[PDB]
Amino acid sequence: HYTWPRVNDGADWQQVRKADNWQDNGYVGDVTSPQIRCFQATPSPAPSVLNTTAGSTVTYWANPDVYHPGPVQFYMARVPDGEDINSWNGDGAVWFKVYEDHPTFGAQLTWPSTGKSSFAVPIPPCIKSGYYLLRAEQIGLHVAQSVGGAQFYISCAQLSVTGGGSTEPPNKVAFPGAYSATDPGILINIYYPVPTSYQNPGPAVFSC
């Protein structure tokens, strides 16, 4: 139970759209629901935007700290030049993955997110300049052996990216749409038998 309330030096929900779990630190359990995107049953803009440049790093904060076993992943979606980031919600297949972590294999799985509050998110240096939505995600798999058991902790930040390139991320996906309740990385028993491989749900990470 944790939220993803801030980016860089900003305050709670300042550049981050207020997630529906800002009070209860709850999670999203239905990969077909509207909340799977930005944890908002009804889209609502964040009061501010975070300025950053392509090639730099954005720090996404979890509160208190990620403690359920599972992967952390980040996605981005570009706002069209003719739209306003305060009212563009990222409908359709416009999201591309920019980061994902992998567990370490042994008698039991260890995750590189466990106990961390600060996460370094790399903004591809080649993507086109413009406003973007940055989706933070952590999937808790401690009771994911049954359909609908995985627990999604999400939020979306509003960014202004300058100095980019002209490379367009291929195979973009939608939320909902990118995940299936039976994906091997979502419906899984991480305890027995201990997995020796792990397939992160969603598309491949985009790299320049």
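Position 1 is the first residue in the sequence shown; the rest follow in order.
Visitor: Taking the recorded C-alpha temperature factors, which stretch has the higher mean, 70 to 78 or 106 to 114?
Guide: 106 to 114 has the higher mean C-alpha B-factor.
Visitor: If you average the Cα B factors in the entry, which is higher, 119 to 127 or 91 to 99?
Guide: Mean CA B-factor is higher for 119 to 127.
Visitor: Checking the record values for 199, 25, 15, 189, which has the greatest CA B factor?
Guide: In the PDB entry, the greatest C-alpha B-factor among 199, 25, 15, 189 is found at 25.
Visitor: Among 148, 55, 140, 177, single out the one with the highest C-alpha B factor in the record, please.
Guide: Across 148, 55, 140, 177, the entry lists the biggest C-alpha B-factor for 55.
Visitor: Check where residue 181 lands among this chain's C-alpha B-factors and tell me if it's the lowest, middle or highest third.
Guide: Middle third - that is where residue 181 ends up once the chain's C-alpha B-factors are sorted.
Visitor: Please place residue 206 in the lowest, middle or highest third of its chain by C-alpha B factor as given in the entry.
Guide: Highest third.
Visitor: Taking the C-alpha B-factors as the PDB entry records them, is residue 144 in the lowest, middle or highest third of its chain?
Guide: CA B-factor rank for residue 144: lowest third.
Visitor: By the recorded C-alpha temperature factor, relative to the other modelled residues in its chain, which third is residue 32 in?
Guide: It belongs to the middle third of the chain when residues are ordered by C-alpha B-factor.
Visitor: Of the three thirds of its chain by CA temperature factor, lowest, middle or highest, which one includes residue 155?
Guide: Its C-alpha B-factor belongs to the lowest third of this chain's values.
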